[PDB]
Amino acid sequence: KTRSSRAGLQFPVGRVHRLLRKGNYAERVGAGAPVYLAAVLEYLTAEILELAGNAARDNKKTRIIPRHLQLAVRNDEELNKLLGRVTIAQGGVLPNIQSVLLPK
Amino acid sequence: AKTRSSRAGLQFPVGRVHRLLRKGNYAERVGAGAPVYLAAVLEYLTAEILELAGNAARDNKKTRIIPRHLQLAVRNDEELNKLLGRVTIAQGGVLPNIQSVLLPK
Amino acid sequence: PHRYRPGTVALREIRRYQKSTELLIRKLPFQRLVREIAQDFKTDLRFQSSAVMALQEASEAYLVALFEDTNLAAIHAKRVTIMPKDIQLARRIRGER
Amino acid sequence: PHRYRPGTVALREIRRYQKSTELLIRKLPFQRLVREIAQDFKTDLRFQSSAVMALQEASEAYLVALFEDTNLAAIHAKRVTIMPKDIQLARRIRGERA
Amino acid sequence: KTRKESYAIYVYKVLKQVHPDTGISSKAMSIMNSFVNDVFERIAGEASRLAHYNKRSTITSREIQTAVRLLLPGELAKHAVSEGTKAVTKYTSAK
Amino acid sequence: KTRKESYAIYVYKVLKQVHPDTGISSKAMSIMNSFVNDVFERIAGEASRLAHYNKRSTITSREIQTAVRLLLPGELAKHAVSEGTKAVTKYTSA
Amino acid sequence: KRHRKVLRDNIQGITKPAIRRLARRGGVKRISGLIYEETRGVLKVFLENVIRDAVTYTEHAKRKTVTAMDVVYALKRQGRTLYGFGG
Amino acid sequence: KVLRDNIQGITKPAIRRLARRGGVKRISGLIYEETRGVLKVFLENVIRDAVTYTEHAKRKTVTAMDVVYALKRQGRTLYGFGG
Amino acid sequence: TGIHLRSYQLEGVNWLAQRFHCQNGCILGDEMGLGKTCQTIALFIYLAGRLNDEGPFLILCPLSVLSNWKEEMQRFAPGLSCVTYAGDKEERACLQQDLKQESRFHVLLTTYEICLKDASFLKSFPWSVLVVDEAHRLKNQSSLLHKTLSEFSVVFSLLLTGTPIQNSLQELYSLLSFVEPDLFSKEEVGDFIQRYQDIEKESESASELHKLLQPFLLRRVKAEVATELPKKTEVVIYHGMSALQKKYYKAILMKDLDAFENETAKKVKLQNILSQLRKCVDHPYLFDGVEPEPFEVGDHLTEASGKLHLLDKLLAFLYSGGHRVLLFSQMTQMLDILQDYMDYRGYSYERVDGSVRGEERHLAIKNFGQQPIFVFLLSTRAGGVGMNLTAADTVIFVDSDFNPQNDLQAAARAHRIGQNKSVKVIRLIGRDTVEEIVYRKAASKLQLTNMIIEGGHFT
DNA sequence: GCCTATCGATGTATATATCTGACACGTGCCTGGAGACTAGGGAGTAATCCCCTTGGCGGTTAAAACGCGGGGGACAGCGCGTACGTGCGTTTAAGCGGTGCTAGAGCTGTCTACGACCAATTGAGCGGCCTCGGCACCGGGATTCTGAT
DNA sequence: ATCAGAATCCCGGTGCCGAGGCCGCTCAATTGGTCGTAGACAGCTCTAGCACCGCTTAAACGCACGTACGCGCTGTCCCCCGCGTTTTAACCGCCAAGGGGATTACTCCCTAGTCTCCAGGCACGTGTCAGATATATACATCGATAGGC
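Criteria and thresholds
- Residues numbered from 1 in each chain as written, not as in the entry; some residues may be left out.
- Chains lettered and ligands numbered in written order.
- Heavy atoms only, no water.
- Contact = heavy atoms within 4.5 Å.
- Buried area = accessible area lost by both parts, 1.4 Å probe.
- Salt bridge = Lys/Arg side-chain N within 4 Å of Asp/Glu carboxyl O.
- Polar contact = N/O pair within 3.5 Å; in protein donor to acceptor, adjacent residues only side chain to side chain.
- Helix = DSSP H or I, 4+ residues; strand = E, 2+ residues; numbered from the N terminus.
- Pairing = 2+ DSSP bridges.
- Near = heavy atom within 4 Å.
- Nonpolar A, V, L, I, M, F, W, Y, C, P; charged D, E, K, R; others polar.
- Buried < 20%, exposed > 50% of the residue type's maximum accessible area, 1.4 Å probe, protein only.
- Patch = residues over 30% accessible without salt bridge, like charges linked within 9 Å, V, L, I, M, F, W, Y side chains within 5 Å.
- Areas by Shrake-Rupley, 256 points an atom, 1.4 Å probe, with all protein chains shown as cover.
- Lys, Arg positive; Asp, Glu negative; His and termini not counted.
- Charge placed at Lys NZ, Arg CZ, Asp CG, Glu CD.
- UniProt positions renumbered as here; feature names shortened; annotations may be inferred.

Student: What exactly am I supposed to notice about the interface of chain A and chain E here?
Tutor: Size of an interface, as often reported, equals the accessible area lost when the parts are brought together. Listed as interface residues are 51 residues of chain A and, on the opposing side, 52 residues of chain E. Between chain A and chain E, the buried area comes to about 4,900 Å², and carbon and sulfur atoms account for 74% of it. Inspection of the chain A/chain E interface yields two salt bridges. In this assembly, chain A and chain E are joined by 15 residue pairs in polar contact. Elements represented by at least two residues in the side of chain A that touches chain E include exactly α1 (3-7), α2 (13-22), β1 (28-29), α3 (33-58), β2 (63-64), α4 (66-74) and α5 (77-82) of chain A. Per-element accounting of the side of chain A that touches chain E gives the leading share, 18 residues, to α3(A). Two strands pair when backbone bridges link them, and β1(A) and strand β2 (residues 58-59) of chain E are joined in this way by two bridges, in the parallel orientation. Opposite A:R28, over in β2(E), you have E:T58 as the bridge partner.

Laid out in structure tokens, this is it:
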């Protein structure tokens, strides 16, 4: 009976609809808007978690930790574009040394 | 007096400002003091720029302000140049500037 | 015969163009470039003249600012001649990709 | 009498600290500095513990990024030692040094 | 005893679709919650402006769609758009 | 015939206070009009967030004041806050 | 001999003196010959990013003319606010 | 109950660790005082805004949310606190 | 005294003198040709040599005719000091000292672009009279030429045309008011449309229109002058399209294939349709890349256009009949293609085109006289006016026109100051194409206009 | 080897004059701001609870501070030859004044499908509680890099 | 040079406490219904955007020549790095006050909403003088000559 079920989504369409009302984004909200928006948020979540899971497996850890999120983001050009001005706590950096500095 | 601007002693239009706040979806309710305060601030900043532009036009020996004078006025003041740090002005040009290394000897 | 020495005329040009307010690129060539690039995004578009003019104002302003930062990089390296490596350094430090 | 030659252990430090995730500034000294700066804007402030951690995480990330751009500016001059003129260039090109 | 809602359970359900054996630590969940909230604000902000520029009172799926295409890069936008129209089609086909 | 509206006449009346006996070109007037709209949206936008973070329904002069404190540079803010306070305390006496 | 005539590629219409003339306003004294092709690339990247957004507004409105407001909104979204063509 | 001087608590080796994570191989001895100058300017601008939000709320306590909002306003952003 | 040609020229000079004796400007609208230059020279010697007024005269005419105006004056009135203000800026600057500071001229010959660029010098003279040749240029009240010329200090103005009014009443009041604005400014303020009730007086008070114009405009008709009576028979040829252009005509109405991208008939633009359809019926190699190899030479050129297939046959026929011909084109590239065909045929030709210099035009005219050059290639605009081309037997409009009077003006390159022989006019039409529509629309404009312009003095 | 003139060639700033279009200004109109009068719920307030910040103490260690030797990098000086600035004669196409067409932006009028609002009902998801194994950390092995010969 | 010796991985073992499941329940999402307005469609007007010719004239182009700049190489020397020793104070685990943030019940003033009214701001039409354009000055810089000193 839930609108999420009726749409086949995992994310909560009803909650999204309330937030669109309360946020003062516009006078009036159409019935299709929350369904479309929930689908996009679900997609982007799945996109990141897949890469983070691979990084954890490469590191032989069964639980994801913030380091793995940083490695997942900064190695993908399109995620790194989207998150270009975001810092992630306990992230660290990608390993990188300028070739000039290496020994002969 | 009828007009709320003249009760406040302002030149800018308090009623027009109040309307825009209501229509703009900024919040559910707008208190009666907010338009007066906002109109006063906009009037202040307007007067601040025009005085500097007026000096530049007079120094340049012309009676009408033109976009060049606005650019000169903004870029010579440290605070206005910070407030407008990422704005480009049409027909503005640049400040005269040459690095000392490039000058002849 | 008479000649000015190298760089004497360049300094005049700097002082002239920094004083001027003109647009510097020929309008009709620039318009063709804009109308071409648009074809990748939609097959058939008309343009208001003021829309093309706004693009030129923005474009020239962007390039002028880039040359200033480029010049600082060259001076920092103790050169006077700007070179492509200077443009690349500037864009990298500004985070442009 | 054994010594590593100059620059070798400096590379091992780079490989180490790029792999680790820890905070690198000492915590109590940093907290005193935060409280001292706030002392100018209001008297007798109190801080949530996580607020100080948030400030440290943001500050450290800022400086680490700045040293990367500083390193590029030094290499451009064909040097390998960073010097204050490099920082002053980096902050100018970024548009921080208004 | 006071109540504070979050996206946490939905993130965990999606995780178990892509990697059934994997778990996630508490700090990482906080980051994921922040990310979802941040993206929500960006899209809703653009949808609001688009309606205002066109003097339209209602936010609709058209505004969400073009807001998405303005914000996301490259192919990431193309997939996102495909997911949206698919979900709406199912929802309106059902009743 | 389709009616617009703009700030132009109010800008013009302010000009005649700070400098009598001077005029302004229409191009420059357009820039001034554009500037006023920009600053209006910056202030109103931050005032909206301030109300939201504190769960208030109502925008008040106290939100406007704090928005000015955040947006303006360090001394330009001090004069602006004075002008705003002066206007309201006069108005409420009417 | 006359049936047809060649045309130069549109990006090359940004002439060498035009680039020098810009660089002089930037205060550049002396210029290496490689920079002209480097600059054409940088400019082309800039125009593509703005025009792509501008067309996106135009199409959502279901117009066929690109409008000066579309350019202004695109520039503002990318953080390069332009005064003088609208508000 | 009054604080002074402790900017010098940002020690020399602590600054070197930051530079090593940044990949810097050699450091000229002037860099340390230049760095302490830059850090102090950064903190002042953030703390000014965090206090401003705190006063608007009529609180006496600065919170993690006040810091996060201040950072976001400056066009930086920090995931993993608040939010 | 100086020259004699035709008896009606005397009453023309008398009418002109009478209008200036009434102290007003006037319009002369006698048919295309008929020797309006001759009557103008006669007026000048009447002023200078019977009335004995020698105040400076200004003449404006198109670039293609300046040398003819020199020659006719230097033939027929050697007693008048006539000089030409033309050349580079540096040359025209020297002539300011050599002439304007020295005041030894009765007459200046000039052309519109020069008088627009160097106007401030011409303002300095109190002219006796201003003569404007081919005055249709002044039909538009926005034009800077009408503003500047109406501002000059002149005693009187004379406008010359082969046919007044090209479309509509606004052209009439524009021309009319720019001669006497004190009398007619209300007309250009727009009252004349209302007074003549938007031409819904065309037969209800035609006499009102005739009585308005006849005191002020003189116009005499070639059928009324008659005399030599060489005929001017026009024929229209309707022709189809070859398969290549048939594909493209349909594609232009729809969408282009990527085959047409390799042929580069796409990457060219579609934002206007009417132009592209006209090119397609005229010749598909007007599109870039459509000829399959850039080195191509051969009669396939004549097959790719149905027009060229007929024209090749028709030119071969006329050439075998010894008939010389004028070809008028609306488009530059069409003349280029036609000249490629002339080169391929090895035919004898000359060309006049807007890019051709003033000396080259004069040389080409003298070259098309004196010897049997088979064909003249002409732009409809730059080539349409003033010149004697009695050497041709025939005229071909390879492409149609939005205004019929442009074709009449071009056809009047024959018969001016007479012609020895009958002349055929041939019009080529793309059958079942937009060219028929343009032709029918254009004819509709003429069918309105004659009800006005057959009035006036001709009534 | 400066350094001081010298002429003189050139480019830029100045002054006086004439002409023009953009700017201030006045007008008639209308639609949107001011002046009442009303209802009800957002906000201010007093009272209470108890979580969290501040402050202090003792013990142990990790880290910072200090001195030293020496080798590698920053720096200045030099000689070379290339490439890019200045000036000329020739060629091109940008710019402007026309001509003509009709696509498509902008507005009005109608009307019906949609979303806001309401009351009654129900289970999705929240806070509190409990348990087990993924990970940290430790001692001690094997492996692999430096750099002196 | 092949070798010694530091310092990084790799492994098996111990155990702790955070991640994952479960339970009870309450408050917010769902269902079913009415109302009236936003905006979807049809029709119309006429602005202004696209295309071509004709023509002038300044800008772009191609070339020759010479200079001064970019660059590679060298020698000096001083300032940073790598290391051993001594000193400092950060950290951690524990205790204990009480300031302040968070929740509640209550009453009131302020705001949104409605109708009526009329004058502030707009679209328009007009006259004239601030600035643009000419051109005939005056006058500072840049060089070569080449003084001398």
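The discussion continues.
Student: Would you mind showing me how to read the protein's contact with DNA strand K here?
Tutor: In the vicinity of DNA strand K lie 88 residues, with C:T8, C:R35, D:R12, F:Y10 and I:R361 positioned nearest. Here E:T2 contributes a side-chain N or O atom positioned 2.9 Å from a phosphate oxygen of DNA strand K. Measuring from a phosphate oxygen of DNA strand K, one finds a backbone N or O atom of I:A382 at 2.8 Å. Top contributing element to the surface near DNA strand K by residue count: helix α1 (residues 8-19) of chain D, with five residues. Among the residues forming the surface near DNA strand K, the class breakdown is 20 nonpolar, 27 polar and 41 charged.

Student: Looking at this model, I keep getting lost on the interface of chain F and chain H. Mind explaining?
Tutor: Taken residue by residue, the interface counts nine residues in chain F and nine residues in chain H. For the pair chain F and chain H, the summed buried surface comes to about 880 Å²; carbon and sulfur atoms form 62% of the total. Among the residues chain F hides against chain H, the three largest losses belong to F:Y53, F:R62 and F:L70. Together they make up 58% of the total. Our enumeration of links across chain F and chain H arrives at four residue pairs in polar contact. Put simply, the parts of the chain that give the side of chain F that touches chain H at least two residues each are α2 (26-53) and α3 (61-71) of chain F. Considering every element that reaches the side of chain F that touches chain H, the biggest residue donor is α3(F), with five residues. Along the lines of polarity and charge, the residues of the side of chain F that touches chain H split into four nonpolar, two polar and three charged.

Student: What's the story with the arrangement of the chains in this structure? I'm lost.
Tutor: There is a gap between chain B and chain I: no contact, and a shortest C-alpha distance of 28 Å. Chain I makes no contact with chain E, the minimum C-alpha separation between the two being 25 Å.

Student: Got a minute to help me understand helix α15 (residues 274-282) of chain I in this structure?
Tutor: The periodicity of an α-helix, 3.6 residues per turn, causes residues three or four positions apart to be oriented the same way. Listed as buried for α15(I) are I:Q276, I:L277, I:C280, I:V281 and I:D282. On its buried side, α15(I) packs onto α13 (243-252), α17 (306-320), β13 (424-430) and α21 (434-453) of chain I.

Student: Is there a simple way to explain a negative patch on the surface in this structure?
Tutor: There is a patch of like negative charges on the surface, built from I:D198, I:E200, I:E202 and I:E204. On the secondary structure map, I:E200 appears in the loop between α10 (191-195) and α11 (206-213).

Student: What's the story with the UniProt feature "domain: Core Histone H2A/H2B/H3" (unreviewed entry) in chain C in this structure? I'm lost.
Tutor: In the numbering used here, UniProt assigns the feature "domain: Core Histone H2A/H2B/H3" (unreviewed entry) to residues 6-93 of chain C. Between the C-alpha atoms that bound residues 6-93 of chain C there is a distance of 32 Å. The span itself is 69% helix and 5% strand.

Student: Help me out: how do you make sense of the protein's contact with DNA strand J in this one?
Tutor: Around DNA strand J there are 85 residues in total, and A:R15, A:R21, E:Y10, I:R137 and I:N403 lie nearest to it. Taking the atoms of DNA strand J that fall within 4 Å of the protein, sugar and phosphate contribute 97% of them. Between DNA strand J and F:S57 there is a distance of 3.1 Å, counted from a phosphate oxygen to a backbone nitrogen or oxygen. Counting residues per element, the surface near DNA strand J draws most heavily on helix α1 (residues 8-19) of chain C, which supplies five residues. Broken down by class, the residue content of the surface near DNA strand J amounts to 19 nonpolar, 22 polar and 44 charged.

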